[PDB]
Ligand SMILES: [Os+3]
Ligand SMILES: [Os+3]
Ligand SMILES: [Os+3]
Ligand SMILES: [Os+3]
Ligand SMILES: [Os+3]
């Protein structure tokens, strides 16, 4: 203990020696002194404190001179010592409890306390705590006489004025609740006010005090009743003989001690209402009997604090019913009616004590009316009481401002909760009350009312809080606000403007009359009440309802509770409240509300009006921008068209120069800066509003079109460098995304929620205008100049201190798995929100250079792979498992989605990182990457780390899940419920609008009451089951889009890995076999189902097969033997896939390239002729079906398909002949003639010069003529070719008939032309030779009909960019043609 005392002694001596970095020190130490007190108090409560420490502690109090904050810290420790050694509850010997009675009470034993009032408080406590011990002897009658004497003298010495001063100075909320201004603050105070220091008191220290003050209050009431009943008669009768001296008001101060004690704590206040026979409940009966006007107030200040709970408040309400009279409602309402006549004629004036008594009455009314429903339902409609009329009449007459406020808080307390009936009734009182006093004029009287109520802080803040509550719907805010938030008839008698007269007042206060206010704490609370009003008006506007009625099948009034959709837009304040936000003064008030001292804001409380006045000002700017598009388009033209029909008009408050809310905050450059500096203050809900406003500011075409153009380069960017905060707020965001997270608080934590709000800001800012440097670039640490990034040396980025690196750092530390508790879905979403930023930052040309550079230095590709987990069946997400009864319903679904998107973003980087390496960067990286993709990582070298293989990360597909085979609601079934929110391209949905429609049919049937109540509950379920069905189909559709997107990343990853790394060695030859081992079970499984995924898998198989370009070890053979095994069952599935024609031409074009190479390179000593036989009989096993597909593909719109189809046929005929001298009988050629392919083939030769005019259509025809030649080699082939009139097609073409920017030298264009003739000449040659003399007449007619051309060609052959080579590559084509005609003539 004495160490604790000496520790506190050192703090006070430091703090007093320091007053004779500076402010935060006092803040730091004062709190440390406040903790040691709470810890010492705990120690005394444990019976380990000793009688010795008590004698020393009392000595410190007897010496203590200055009444300060340090003294208050020791009050709970004092009452702990007293309750220990003094009370019987404490285990203190009676002789020892008597022993210290003299040490405290006797006086004249060093009892010249440096603070005489303090010693009076110490003495009063022990007596109250010790007299109860003598309950259950020596000198009882004398002791009690001694007790009451030294107790009464202590009260006059200033005891209760000290205990009350501590209770009042202690629980000092640094913001002034206007509803309880001046309450309990009218009693005289001989105590000197605490010094000017801003030293607060812990939210706990206040509580610990009010616990001991309950023990003090409980002690005096239970142990010293007669002392209180000696004080009732002393001052009550002395009030009549000596009314002027202000006789001892200690009993009043005692009731305020009770008020401060039980305030906020209804658990303790129940001891006053639990047992009516207890001393505490008997006390309320006792104090309420008589009504000394100041003593009544002190009693009502006690009840207001004895009703913080609905249970305590209901009891207090019953206490004033009485159903020797106590104080009752009957008595209160009589005086409320007795003084309303002393004003609305006494002359118009009231006594201060009488006026105060009324305030304590209207304050008790409000409190009991808000906390208890019974009290509200009673007071609001009782005739013997008649509350509404008297308080409304009292407000007409001349009264003090504070009293007129308390009336408005009573009306608010009556409207804090309400029905649609009590709202119309209240508005009938308010209408008449505002229309006339009850000529001065009906509406001109309404002007006088607002000018009064908005005159001072006390009323204006109070009256606006009443107008705020009147617009909160009966069903509760955030309901279906389909009805107007007030009666349509309101004002239709006179002004016809509904609420607008009240709106134009709230903005008149907020924009013009806030300037009359001077106290900053009052200016905040007023602006907070004004902004709370604007919010209530913008939220109750159902914009989803307006777009629906203006766009699709829904009723204007048959459906909604309002009498019309046009009436809804007219009467609702949204029409007018929006117009006000376009006003220059209102906006300049919104900025100056936000603009505040940062250190004063950061050193404040998160609940103080200083913080919330800024939070609420932001919330208005956000909500303004959200509801702006609906306003300017669907709302404003409806008002300017109705006020032209009705002819009515009111003053325009908006600015015609403002075409959008942006135009107002364009000029206020201080706004974007202040929004950042407030994140550095450590107030969460304030931060989230600031960041979400930076999005809508830095994601709007206007404000991003006013920072760049002026000369100025970028205004908002340099504005962060103006005072030098651009780096200090960027440093704060770093500590925010580095901050710790609590698994218990989980998805809704201050740290976690601030992270997502930053990652949503940096992304939302980058996604817009991604090719120009934005705010998000500068805050990330990139040095931002025009259209160019860069790192400033000795800057937070170059030294790896930037925020950007903190996004990497948080990534390489996440553990999104809690050992079979599942992948916490809130945490995998954190990973995605970070990655998608980095993704945008390696796709844009600005960042890819700087980012891919820094991602290399940091080993980013490795840390992600080191932490990536394998997808598995029994791998739960959020505790939920895939393939559950309904997995696509919980927030675990969207967590699996985000994980697939996160994986794809990793493969995409590993791909780009595997291309930036191949060009030059040493094989140390490609080796590291490649082994990291097989699972061999050597960071520390002690041993190689085992990471799952890139083929184990092929875990994002199991073809049996059938996500696409869960049904969608039939579009007519939705249309019959008039649901037209469905989005297309499969079908997607808008859950929100759809659920909005179902809520409007619910109120349509609920209010109509035609069929109820059970049918309602069944419909209430089917709606919840429909939107439950819709959410599954749009999340499944959202999963397939994310799974396919991932397949392209894993697929495209293997491609970049095949082409960079050459495969000739066994360990590599073993890798590609491992790859082929993983894609085949999948591609084989659903090459029939659908194409989109089969295309990506069939594409890695192609590129793979074309990489085995073809002295060995005994292991490499067993490898290749397993590759030839897989390549066969690949060739098989490609054959079955083609024969079915299951995929699009672009996919089968990929199938034909796989078969072509398997027939070209693989199959082509006698073990190869066997391979030809097996491969051949496998093709022709499918009959003409397989050939039909390849044939009609050779004549399709797809140019790449018909080329691969024609080339595949060329290889099919080639391998059947190698299987079967040169004239034989082929089954394939006989099939083609049957399918009429050779017919349409020869007939497609007419436009040979049109198609042949390196060109894509050039190579397709080159494959066509290579096939014709293949056919004409055999006898039957040359027959089927010629039987289709071959020579006829060669004549109608006219190719045998002796250049505008086509990008080749001319010399190469001719050899292509000749090469066409080279092919055509060989085709005719093979045809004449194979058939026989049957076409020697045709072979003769062919030359006689084209003679001369042969003569020129037969003589042309006889006789350095590329020209020498081109002439060689041409003159040889003439040597081939001269030989083509030479072998034709001699064979003819
Ligand atoms: Os429609
Ligand atoms: Os004006
Ligand atoms: Os289940
Ligand atoms: Os590339
Ligand atoms: Os959704």
> What shape does the range 1272-1345 take by its C-alpha gyration tensor, where a ≥ b ≥ c are the square roots of the eigenvalues and a/c under 1.5 counts as rounded, a/b above b/c as prolate, and the rest as oblate?
Replying inline: prolate
> To the nearest µm²/s, what D does Stokes-Einstein give for the range 459-536 at 37 °C and 0.692 mPa s, using the Kirkwood radius over alpha carbon pairs as Rh?
Replying inline: 241 µm²/s
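Rank-order 694-701, 554-561 by packing density, defined as the average count of other C-beta atoms within 10 Å over each peptide's residues, highest first. All intermediate terms of the calculation are to be shown ahead of the outcome.
Numbers: 694-701: 19.4, 554-561: 16.0.
Peptide ranking by packing, descending: 694-701, 554-561.
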> Given the range 1221-1388, what whole percent of its Cα pairs are spread farther than 18 Å?
Replying inline: 62 percent
> Using the Cα gyration tensor of the range 878-1012, with a ≥ b ≥ c the square roots of its eigenvalues, what is the shape: rounded (a/c below 1.5), prolate (a/b larger than b/c) or oblate (neither)?
Replying inline: prolate
>> Taking the number of other C-beta atoms within 10 Å as the exposure measure, put 210, 415, 852 in order starting with the fewest.
In response: 852, 210, 415
> Which of the peptides 1194-1204, 506-516, 1271-1281 is most tightly packed, and how do the rest follow, judged by the mean count of other Cβ atoms within 10 Å per residue?
Replying inline: 1271-1281, 506-516, 1194-1204
> the range 1-72 to the range 840-914: how many Å between their Cα centroids?
Replying inline: 55 Å
> Expressed in nm², what is the orientationally averaged projection area of the convex hull enclosing the Cα positions of the range 1062-1219?
Replying inline: 9.5 nm²
>> As an exercise, take the mean of 1/r over every pair of distinct alpha carbons in the range 425-656, invert it, and state the Kirkwood radius in angstroms.
In response: 18.7 Å
>> If packing is taken as the average number of other Cβ atoms within 10 Å across a peptide's residues, how do 942-948, 387-393 rank, most packed first?
In response: 387-393, 942-948
>> Quick check: Cα centre of the range 656-679 to Cα centre of the range 1042-1087, how many Å?
In response: 52 Å
> Roughly how many whole Å is it from the C-alpha centroid of the range 1227-1259 to that of the range 812-838?
Replying inline: 58 Å
> Distances over 18 Å make up what percent of all Cα-Cα pairs in the range 963-1039?
Replying inline: 42 percent
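Provide the three semi-axes, in whole Å and in decreasing order, of the ellipsoid equivalent to the range 264-417 as defined by the square roots of 5 times the Cα gyration tensor eigenvalues.
Taking √(5λ) for each Cα gyration eigenvalue gives 26, 17, 13 Å.
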>> Counting only helical runs of four or more DSSP H residues, what would the 222 nm mean residue ellipticity of the chain come to if each run contributes -39,500 (n - 2.57) and the total is spread over all its residues?
In response: -20000 deg cm²/dmol
> Looking only at Cα atoms, what is the convex hull volume of the range 649-769 per residue, in Å³?
Replying inline: 149 Å³
>> Test of understanding: ordering 832, 1005 by Cβ neighbours within 10 Å, fewest first, what list do you get?
In response: 1005, 832
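If you rank 381, 864 by fewest surrounding Cβ atoms within 10 Å, what's the result? Walk me through the numbers on the way to the answer.
On the way: 381 15, 864 22.
In order of increasing Cβ crowding within 10 Å: 381, 864.
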> What is the Cα radius of gyration of the chain over 2.2 N^0.38 Å, N being its residue count?
Replying inline: 1.33
>> Which of the three applies to the range 165-321, rounded, prolate or oblate, going by the alpha-carbon gyration tensor with a ≥ b ≥ c and a/c under 1.5 meaning rounded?
In response: oblate
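Note: ideal-geometry Cβ built from the backbone for every residue, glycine included; neighbour counts use all protein chains shown. Here, each number is a calculation from the coordinates, and none is a lab measurement.
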